[PDB]
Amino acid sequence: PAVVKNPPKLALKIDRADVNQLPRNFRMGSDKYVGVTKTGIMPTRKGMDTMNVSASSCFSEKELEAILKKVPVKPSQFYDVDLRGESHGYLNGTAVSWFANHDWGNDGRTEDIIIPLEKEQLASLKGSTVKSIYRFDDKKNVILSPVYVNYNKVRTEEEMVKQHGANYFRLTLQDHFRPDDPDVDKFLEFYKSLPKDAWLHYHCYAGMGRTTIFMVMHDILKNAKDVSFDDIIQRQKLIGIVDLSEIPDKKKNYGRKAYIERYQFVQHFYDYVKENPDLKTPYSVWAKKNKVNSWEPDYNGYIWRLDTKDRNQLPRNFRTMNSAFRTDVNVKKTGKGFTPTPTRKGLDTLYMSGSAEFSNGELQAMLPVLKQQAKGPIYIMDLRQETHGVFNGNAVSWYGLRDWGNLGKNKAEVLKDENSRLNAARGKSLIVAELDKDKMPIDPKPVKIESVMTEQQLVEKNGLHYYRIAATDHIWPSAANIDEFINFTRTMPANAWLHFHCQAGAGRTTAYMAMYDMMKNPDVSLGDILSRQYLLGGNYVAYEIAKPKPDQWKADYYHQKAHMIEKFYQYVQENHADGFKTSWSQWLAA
């Protein structure tokens, strides 16, 4: 096969053809030493025979059978530890994956985006039994001219391994680098919970880098108290093929730094198991305490942001289902299915409005407009996970990088944080600033906080009702959050009017309005729903970034929304009849 001259950014290619044999670089913790150390003295073998571990490059289905046959245990005691962060899966028994230069197909992505993206990429292959798939050169690490592959099974590595009665565990590690502290913590949690008779098999693509890191971690976990670090490093070289302490002249600049960083990492890991036999205190906490921690971003709040100043007029992006379509249309900000002329039916019976956050004056201005249109209990649906409130009549919020100050907290932890911080601000002199295009404060100056109340106190004091859903800014609403919404609609009053809002009244606000709209009008088309919600004043829920520039971190999140809003529409179609007896979370299990 010839080398592809103009390879695409991301190309699906063959990893391993289905062959009956042990996979490349297969090896066991009890194998004999091959070759010699630089001194010519063999390192001790102490503890090697009882580690119950193997490792290899990635494997085709038939190669996995050979492994299961070969290892001295039953599939139920076998755990496949999948270390690849790049997207991969199986066409029948053939292993495949999406390749980008340096095997950085999912470069910079987090696990919560990688696992779902991969599921989708594999899903896009189902429903066909023939596909053009590039070939690959292992030594030159480049893609080669394609060949058609016939198949009738598309599986993730987990589905495939489970179907042979074995276990599975994934880590989405970028090729060429040591794992970050959070992944080490995730791995140690998995390892601490295993049955004492478990057999771990590590693999990545080639079977050397990442896999050697983990074979050394395993060895350290089993024998650090009895064997030295240098002996562990050398014996893993002798039964595998990589010596982690080796920094070759071949490696320069960037590459060289990654080799050094991975070698220092296993040294820190060694020192960790050595000073913490019980693995009680987390690796990340230990590393942090000893200043050898890896870097992670911090999303915690650091500044009171002014969301909107008290003024007497409607809030930004305000709209009702009885509002006129917009004038400032821009098709470049729309997406799949946007017609400039949606049906607009069911809208008058849809008692729903939406807007950006509101201050005290903006809320006064809304009451008359809503009272005149409403025909039942009016609810303000606050969709903000971030801590926010009211300072001297102005809407403020505790802002952290990416507005993710409460990421990871449950609803109750959010409320406790919210009540706590707002209170701690009462009466003090604090900076409350508006943020510019780059999120830096504008002409910040301290100000005395006279009054402080939650948005709920402000809403109820004005005779409206209130319901909080702590949805994270910039992302598709979580499964639990969408269900908390559907549940709420089960028991809500008769002709309840729902006014949705987040920080700007675009992202979360429009996604929920669109979903509510679909629930009440399963006769309208997904395209019409999304189009009307955008024409009214929200954004286009299915919008995607055309040409993703480097600094556009939202790209994958927009894509995730585009995909899930359509999955929601299909949930409404198959479950509204029942009255949604099947919850969205349950339905997702299909």
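All residue numbers are counted from 1 along the displayed sequence.
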item	value
Between 177-185 and 374-382 (mean CA B-factor, as deposited), the higher	374-382
Stretch with the higher entry mean CA B-factor, where the candidates are 500-508 and 394-402	500-508
From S128, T454, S478, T212, residue of greatest CA B-factor	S128
Peak C-alpha temperature factor (PDB record), options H388, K257, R170, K332	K332
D556, C-alpha B-factor rank within chain (lowest, middle or highest third)	lowest
Cα B factor band for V369 (lowest, middle or highest third within the chain)	highest
Modelled-residue ranking by C-alpha temperature factor, third containing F136	highest
Chain-relative CA temperature factor third for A123	middle
Third assignment of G89 from its chain's C-alpha B-factors	lowest
